[PDB]
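Quick notes on the structure that follows.
Each chain gets a letter, A, B and so on, in the order the sequences are listed, and its residues count up from 1. As the structure lists them, so they are numbered: ligands from 1, and atoms in each ligand from 1.
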2 protein chains.
Amino acid sequence: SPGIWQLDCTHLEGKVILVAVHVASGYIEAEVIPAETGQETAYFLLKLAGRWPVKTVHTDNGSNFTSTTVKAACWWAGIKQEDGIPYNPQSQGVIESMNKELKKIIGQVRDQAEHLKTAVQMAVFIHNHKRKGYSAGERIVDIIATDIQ
Amino acid sequence: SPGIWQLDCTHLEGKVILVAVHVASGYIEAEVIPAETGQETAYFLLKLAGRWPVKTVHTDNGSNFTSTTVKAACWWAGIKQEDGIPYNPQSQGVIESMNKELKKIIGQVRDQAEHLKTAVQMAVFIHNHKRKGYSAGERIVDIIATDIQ
Ligand SMILES: CN(Cc1ccc2c(c1C(=O)O)OCO2)C(=O)N[C@@H](C(=O)NC(C)(C)C)c1ccccc1
Ligand SMILES: CN(Cc1ccc2c(c1C(=O)O)OCO2)C(=O)N[C@@H](C(=O)NC(C)(C)C)c1ccccc1
Ligand SMILES: [Cl-]
Ligand SMILES: [Cl-]
């Protein structure tokens, strides 16, 4: 449970935003890419797994699930790929709500950045620091420290 | 102390690798860029601060310290910029040793990646997971959870 992440892909300004959400905390990492490809997803996972202890990934669609480069990256990083099919329905509407929320934060910061990628990183910052009260960034640290001890 | 990071910039294959080290733990994040510019450094810091609670950054050289874009990013993210002048000299030997170590890991994985950037991310993974026994990734989580409670 401390090691479960969900991939999510959303669109804005004719570009793609790739998001990884730490399920138990709501913490996210995100990037802007021109298109969702196996290779971009593979590279993103590799970055994620070097930064946080990623045990399981619920991939966002079947193409990435099937991608040989995504599989090679998951093999390399020790990640177990699963089919993020929502038996928990809330999780599906949780994503949709997250995408909406994230686009809301992006629009609020949009004017402070020339490039979408900067605005996305500002939005990641705001999301992870927003106190709900613990922040998502505080929750992920706590969940994983607990898991270690 | 849980919030202190050090920037470091090293060279390989005619490219630049930008590294942020969490001083208390030895944990790192890293990226490949074509050249160290104010803007690249600013963007990197913005990414870092949305992911970990960055309070202080010891910048790697005076150009980045002076850069208006680096200052704007640090203002935005709430980061206090300092001049990473090694008042403790090592420190300075610690970085040099880290750069050497990191290039050693890169050469060991180099054949498993077409592009240098992938090899760098493999090396970050190996570095952060290497048990030394707690890993750097375990140490940073523990230091920050402690700080929260
Ligand atoms: C802290 N930032 C954000 C930032 C940091 C690093 C980056 C960025 C950006 C970005 O604006 O997307 O793009 C790549 O690396 C600024 O100070 N941005 C200024 C600005 O002069 N931006 C540049 C230098 C023309 C790119 C700005 C210009 C226009 C409008 C609003 C702000
Ligand atoms: C898990 N990875 C690493 C990887 C993942 C994602 C990426 C990458 C790379 C990379 O190799 O740098 O480049 C950007 O997005 C592989 O399976 N690499 C293969 C491979 O065929 N890679 C491509 C498809 C030619 C890019 C490989 C090619 C040559 C030598 C060794 C391995
Ligand atoms: Cl944070
Ligand atoms: Cl880790």
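The salt bridge (charged side-chain N to carboxylate O under 4.0 Å, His left out) search around B:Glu29 returns A:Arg51, not counting sequence neighbours.
In B:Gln149, the CD atom is crowded: over 12 heavy atoms of neighbouring residues, nucleotides or ligands sit closer than 6.0 Å.
For ligand 1, the protein residues within 4.0 angstrom (heavy atoms only) are A:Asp111, A:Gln112, A:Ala113, A:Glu114, A:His115, A:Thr118, B:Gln39, B:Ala42, B:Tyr43, B:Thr69, B:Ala72, B:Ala73.
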Quiz prompt | Audit row: A:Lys80, A:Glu82, salt bridge (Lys or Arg N to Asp or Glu O under 4.0 Å) steps and yes/no | solution = CA-CA 6 Å; A:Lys80 290 173 288 146; A:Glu82 309 200 327; 5.4 Å; no
Self-check item: Pair A:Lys47-B:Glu31, salt bridge (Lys or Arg N to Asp or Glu O under 4.0 Å): steps then yes or no
Solution: CA-CA 10 Å; A:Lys47 284 186 299 181; B:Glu31 75 173 25; over 6 Å; no
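Across B:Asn61, B:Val19, B:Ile28, a single residue satisfies side-chain contact (heavy atoms from CB on, under 4.5 Å) together with B:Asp8, and that is B:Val19.
Between A:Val94 and A:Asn88, the closest side-chain pair of non-hydrogen atoms is not below 4.5 Å.
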